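Read the structure below first, then the notes.
Counting convention: from 1, in listed order, for ligands and their atoms alike. Positions are given from 1, in the same order as the sequence printed here.
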Amino acid sequence: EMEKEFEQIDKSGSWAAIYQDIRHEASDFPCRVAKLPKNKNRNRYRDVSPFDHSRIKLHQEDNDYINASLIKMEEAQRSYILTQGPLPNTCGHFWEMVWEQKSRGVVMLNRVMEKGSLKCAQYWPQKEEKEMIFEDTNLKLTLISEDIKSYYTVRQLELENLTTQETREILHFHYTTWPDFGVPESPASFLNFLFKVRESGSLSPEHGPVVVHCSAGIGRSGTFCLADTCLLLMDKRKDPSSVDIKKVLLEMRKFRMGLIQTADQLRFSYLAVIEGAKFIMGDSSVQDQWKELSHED
Ligand SMILES: CNC(=O)[C@@H]1Cc2ccc(NS(=O)(=O)O)cc2CN1C(=O)OCc1ccccc1
Ligand SMILES: [Cl-]
Ligand SMILES: [Cl-]
Ligand SMILES: [Cl-]
Ligand SMILES: [Cl-]
Ligand SMILES: [Cl-]
Ligand SMILES: [Mg+2]
């Protein structure tokens with residue numbers, strides 16, 4: 001059981017060892033498509049690639065490759081697409097994927113510039129009157145509105161298939177204060193944001209999988225998805241004791257490499273799930289407490 005295990009790991013000072021065990025046991029599957037020479041400029045990082053078996057294939061229509069993986073959580077009955085921050089030449093591919101996969105939400109856990117470097121393209125419009133046209137993939141993208149909070153921003157976007165003139169509302173949830181290889185400021189700030197995504201209906205099984213990304217689409221993205229799936233599993237069962245966090249992480253790692261990048265991110269995941277369980281198991285009042293503690297205003 002996770003809280004008893006947490007205390008034992010904390011007491012014995014063994015987060016590094018627990019995390020290394022996970023790394024040791026994690027799946028290794030081929031990424032042959034990712035490593036084709038023609039795809040070199042579609043990958044942000046040499047050593048971060050989607051496995052062939054779970055890669056998202058684009059439907060157009062000359063080269064189907066995008067650095068993005070379908071994390072299909074069978075027991076939980078929820079799926080996520082985890083992807084790298086799009087590059088200057090892959091923003092059209094990114095939105096093509098959102099359209100084809102029928103996603104309603106995009107969760108962004110990084111900033112465009114981190115540590116002086118460009119870790120993600122400016123792939124969405126920052127001003128209503130300056131829409132983006134992706135001529136390669138025949139899509140238009142317009143900012144409809146935004147709600148700016150202290151550490152996150154929610155945007156309403158309209159994505160249009162220029163081929164058909166069909167339009168869809170996409171919700172963009174941008175966590176702006178999650179440092180690379182680091183953790184959220186508190187369980188409360190993380191959970192307040194996760195519940196904002198949940199409340200939107202973006203994780204509904206009636207939609208395609210939410211797209212989640214950071215810069216590599218593994219560390220911060222893995223942490224987010226691990227906490228969400230653990231919370232969902234205990235919710236379905238109304239049984240916190242039924243959830244084996246390490247097992248869930250290993251299951252996710254069947255679908256994309258390197259999910260959760262540090263031992264402290266693993267530790268934070270346990271904290272987030274232990275805290276979130278208070279809400280799942282019926283202390284409704286904790287949600288307001290997280291909102292207050294997050295200082296979102
Ligand atoms: C220190 N590592 C690096 O700088 C590069 C790029 C990067 C940016 C950012 C990042 N953090 S994230 O944006 O939260 O995913 C992770 C990685 C992983 N990486 C890798 O080379 O990862 C290879 C790897 C490691 C463990 C497991 C699978 C693959
Ligand atoms: Cl940014
Ligand atoms: Cl900077
Ligand atoms: Cl970039
Ligand atoms: Cl950072
Ligand atoms: Cl790793
Ligand atoms: Mg303006």
Do ligand 1 and [X] have nitrogen or oxygen atoms that lie under 3.5 Å from each other?
{"X": "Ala216", "result": "yes"}
{"X": "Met257", "result": "no"}
{"X": "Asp47", "result": "no"}

message: Quiz question for you: does at least one protein heavy atom lie closer than 4.0 Å to atom 27 (C) of ligand 1?
response: yes
Within ligand 1, which atoms have a heavy atom of [X] less than 4.0 Å away?
{"X": "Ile218", "answer": "15 (O), 18 (C)"}
{"X": "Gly217", "answer": "15 (O)"}
{"X": "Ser215", "answer": "13 (O)"}

Residues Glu5, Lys247; criterion salt bridge (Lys or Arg N to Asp or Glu O under 4.0 Å); working and verdict: CA-CA 13 Å; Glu5 191 194 14; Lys247 188 193 193 213; over 6 Å; no
task: For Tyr80 and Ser221, test the side chains for any donor-to-acceptor distance below 3.5 angstrom and give the result as yes or no.
output: no
task: List the steps, then state whether salt bridge (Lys or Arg N to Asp or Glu O under 4.0 Å) holds for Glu7 with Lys4.
output: CA-CA 5 Å; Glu7 304 297 27; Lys4 173 176 206 128; over 6 Å; no
- line: Closest to atom 15 (O) of ligand 1 (heavy atoms only, candidates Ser49, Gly222, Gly182, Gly219) is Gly219
Identity of the nearest option to atom 14 (O) of ligand 1, non-hydrogen atoms only, from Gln265, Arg220, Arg46: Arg220
List the closest protein heavy-atom neighbour of [atom]: residue, atom name, distance to the nearest 0.1 Å.
{"atom": "atom 3 (C) of ligand 1", "answer": "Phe181 CZ, 4.0 Å"}
{"atom": "atom 9 (C) of ligand 1", "answer": "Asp180 OD2, 3.4 Å"}
{"atom": "atom 25 (C) of ligand 1", "answer": "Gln261 NE2, 4.0 Å"}
{"atom": "atom 20 (C) of ligand 1", "answer": "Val48 CG2, 3.7 Å"}

- prompt: What part of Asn110 sits under 4.0 Å from ligand 1 if we count only heavy atoms: the side chain, the backbone, both or neither?
  reply: neither
- request: Test ring pair (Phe, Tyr, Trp, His ring centres under 6.0 Å) on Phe134 and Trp99 and set out the steps.
  value: CA-CA 13 Å; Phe134 303 98; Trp99 183 271; over 10 Å; no
message: Could you tell me if the side chain of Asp228 sits less than 4.5 Å from the side chain of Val212, heavy atoms only?
response: no
message: Quick check: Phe51 with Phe255 (ring centres under 6.0 Å apart)?
response: no
message: I'd like to know whether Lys72 forms a salt bridge (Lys or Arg N to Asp or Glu O under 4.0 Å) with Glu74, so could you lay out the CA-CA distance, the side-chain angles of the two residues, the decisive distance to 0.1 Å, and finally the verdict.
response: CA-CA 6 Å; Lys72 188 168 166 180; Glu74 184 178 11; over 6 Å; no
- request: Please say whether the positively charged group of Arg198, taken as NZ for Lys or CZ for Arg, lies over the ring of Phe195, i.e. under 6.0 angstrom from the six-membered ring centre and within 45 degrees of the axis.
  value: yes
- request: Determine yes or no for a side-chain-to-main-chain donor-acceptor pair under 3.5 angstrom, with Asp64 supplying the side chain and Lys57 the backbone.
  value: no
